[PDB]
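Each chain, letter by letter, is given below.
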Amino acid sequence: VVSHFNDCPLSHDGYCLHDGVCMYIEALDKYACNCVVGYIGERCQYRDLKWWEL
């Protein structure tokens, strides 16, 4: 679908943990959260420690 792109609502890191990157997908009219690198769990809660303590 052709939609215009806007940002995520006020509770952007609401369900999406560790400051999760909430975005809209304009093409499909869906939402998602993208996770940062070195963060683990299905919900992206935790940090992988080993690279820090190197």
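Conventions adopted
- Residues numbered from 1 in each chain as written, not as in the entry; some residues may be left out.
- Heavy atoms only, no water.
- 1 Å grid on protein atoms, 1.4 Å probe; cavity = no way out; pocket = protein on both sides within 12 Å on 5 of 7 lines; lining within 4 Å.
- Points joined across faces, edges and corners; volume = space filled by probe spheres on them.
- Nonpolar A, V, L, I, M, F, W, Y, C, P; charged D, E, K, R; others polar.
- Disulfide = S-S within 2.5 Å.
- Helix = DSSP H or I, 4+ residues; strand = E, 2+ residues; numbered from the N terminus.
- Buried < 20%, exposed > 50% of the residue type's maximum accessible area, 1.4 Å probe, protein only.
- Pairing = 2+ DSSP bridges.

Per the deposition metadata, solution NMR was the technique used to determine this entry.

### What to know about empty space enclosed by the protein
Counting across every chain of the model gives 1 cavity of 30 Å³ or more. Lining the largest cavity, in full, are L17, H18, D19, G20, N34, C35, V36, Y39 and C44. The residue inventory of the lining of the largest cavity, partitioned by class, reads 5 nonpolar, 3 polar and 1 charged.

### Re the state of the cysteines
This structure, assessed with the given rule, holds 3 disulfides. A sulfur-sulfur distance of 2.0 Å marks the disulfide that ties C8 to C22. For the disulfide bridge between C8 and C22, the dihedral angle about the S-S bond is near 80 degrees, and by the sign convention the bridge is right-handed. Here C8, found in the segment before β1 (21-25), pairs with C22, found in strand β1; they are 14 residues apart in sequence, far enough to count as distant. Residue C22 is classed as buried on the basis of its relative accessible area of 11%. Paired through a disulfide, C35 and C44 show a sulfur-sulfur distance of 2.0 Å. In this structure, the disulfide formed by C35 and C44 twists by about 85 degrees around the S-S bond and is classed as right-handed.

### With respect to the pairing of β1
Where burial is concerned, the two faces of β1 differ: the one with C22 and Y24 is buried and the one with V21, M23 and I25 is not. Note: β1 against strand β2 (residues 30-34), 5 bridges, orientation antiparallel. What sits directly across from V21, in β2, is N34. Connecting the antiparallel pair β1 and β2 is a turn made up of 4 residues, with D29 showing a positive phi of about 65 degrees.

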